[PDB]
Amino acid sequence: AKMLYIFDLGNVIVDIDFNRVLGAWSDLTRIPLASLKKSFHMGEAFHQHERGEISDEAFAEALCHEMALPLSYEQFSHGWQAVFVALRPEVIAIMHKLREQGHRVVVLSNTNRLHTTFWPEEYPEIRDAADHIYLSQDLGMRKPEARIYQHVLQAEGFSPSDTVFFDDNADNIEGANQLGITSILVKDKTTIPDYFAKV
């Protein structure tokens, strides 16, 4: 009985920290890091950029306006590229193992990649570990929208009861739950190893 495993990317397959991006912008503009952190809000520009509805340049524009950043696109993108990203090799190992057992393994990420940046979903380690990588920007959809989960289920050909989904965001978990997907909130680095050790 082959299963579909859907893994969140950010804070699930990788550790990711945007404080390094703000550090880069602070260093360039001399605007204190704390001031950048205070004005760094997830709002409409994020939701739209993630669904591919506004360009990288428009996304960069909106953030720079909101944060009073006097940056060119190149400077914005350079800072963005500095994002801290560390693989969780224990998760990669599980993904490889699930696949050699014949289970379907996919990634589902709301991505803010730019055309100018090398981003985690493009990392060979991650690309090697998954059958398919579903990205919000390619689909025109984002978690926690019902439609994104439905799109994955249809594309992969799995019913909700044959599907297991890991994500560290409660809204994302709720959105998948509503479709009857078995959804496990990732609380920390122990959640996924514990799940796959303990049965």
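Residue positions are given as counts along the sequence shown, with the first one as 1.
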Query raised in the report: For the C-alpha atoms alone, is the average B factor greater in 187 to 195 or in 16 to 24, going by the entry?
Result: 187 to 195
Report task. Look up the CA B-factors in the entry and say which stretch, 153 to 161 or 44 to 52, has the higher mean. Result -> 153 to 161
Query raised in the report: Lowest, middle or highest third: where is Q101 by Cα B-factor in its chain?
Result: highest
Query raised in the report: Taking the C-alpha B-factors as the PDB entry records them, is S35 in the lowest, middle or highest third of its chain?
Result: middle
